[PDB]
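We begin with a single chain expressed as structure tokens, specifically the form solved without ligand NAD.
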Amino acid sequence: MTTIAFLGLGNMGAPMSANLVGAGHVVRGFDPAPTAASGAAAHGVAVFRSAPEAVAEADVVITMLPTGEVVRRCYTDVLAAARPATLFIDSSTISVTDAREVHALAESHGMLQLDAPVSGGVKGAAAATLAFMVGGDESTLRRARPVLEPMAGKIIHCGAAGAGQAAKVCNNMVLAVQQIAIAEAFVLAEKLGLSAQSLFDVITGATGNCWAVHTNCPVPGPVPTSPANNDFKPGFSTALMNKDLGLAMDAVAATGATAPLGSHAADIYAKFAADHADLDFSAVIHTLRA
């Protein structure tokens, strides 16, 4: 039983903090959108007036925030307020550069810090099946585990500070490329007169099989639970995939790496996000149809 400050109580942070309450933790919350704060207080978070007040009496500080800028700004307002050797876990999805900068900022103020961004969306969050991908010290993760466990389906240590954000962004670049290529295959099949069910049966039984087809199949019929059967409601929105791909391109730009298909997938999703940010990212298949 730890005291946790939870900064960022939106779509992810609210269900996450609820599970912590449910696990017996004292959760001290802050979010500058009062709608969000009020939702979390209803599920037992003690909501404070300021981020610094929230963090004053915590052993652990979790951030779940929209950008690296907002994380950097929040760290700057609060690190001085926390007690020395408080454990900070950033579970926001931000750039690897941002994660390292802020990790170093936290350690220079005498705080332990991890990056622990998550996959699973709001449904994962509410059911406590998120995957945590963690960057930082092994001993710091050991200390953190009892806090992460009531939120998690899995916790995987990825390496030194930043490696959590790196792992997630690498996977999600791959995912985006696969989701587009699967959409291309299904449209080409349709013009070839190969049925959707037949193509599904072959790819899922062969070397091309991947989550984008077996779970996220972009045509209705073969996988009744996929977004294609529910008007492409997310699921995993185009808005969010476009964010992760911007972060992948930041990583590419920062390393000098070459990622021809990842970058092509970034452009394609950037264009599609302008008008269909609201649709599951499998809905990119519409751009391939005339």
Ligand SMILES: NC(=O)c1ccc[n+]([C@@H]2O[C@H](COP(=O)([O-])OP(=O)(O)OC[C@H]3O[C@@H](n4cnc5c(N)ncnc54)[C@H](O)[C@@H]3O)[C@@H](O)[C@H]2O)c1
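We number the residues from 1 along the sequence you see.
Another form, the form solved in complex with ligand NAD, is not on view; read the next lines as being about it.
- Looking at 209 to 217, 121 to 129, 101 to 109, 179 to 187, the stretch with residues near ligand NAD in the bound PDB entry, meaning non-hydrogen atoms within 4.5 angstroms, turns out to be 121 to 129.
- Not displayed here, ligand NAD is kept clear of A257 by more than 4.5 Å at the level of heavy atoms in the bound PDB entry.
- Using a 4.5 angstroms limit between non-hydrogen atoms, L7 touches ligand NAD in the bound PDB entry.
- Taking the partner from elsewhere, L65 is found to have a heavy atom lying within 4.5 Å of ligand NAD in the bound PDB entry.
- In the bound PDB entry, ligand NAD lies farther than 4.5 Å from every heavy atom of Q113.
- Of the listed positions (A36, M249, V47, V60), a single one reaches within 4.5 angstroms of ligand NAD by any non-hydrogen atom in the bound PDB entry, namely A36.
- With the partner omitted here, the residue from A56, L261, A41, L240 that has a non-hydrogen atom within 4.5 angstroms of ligand NAD in the bound PDB entry is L240.
- In sequence order, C74, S92, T93 are the residues of 71 to 101 having a heavy atom within 4.5 Å of ligand NAD in the bound PDB entry; the partner itself is omitted from this view.
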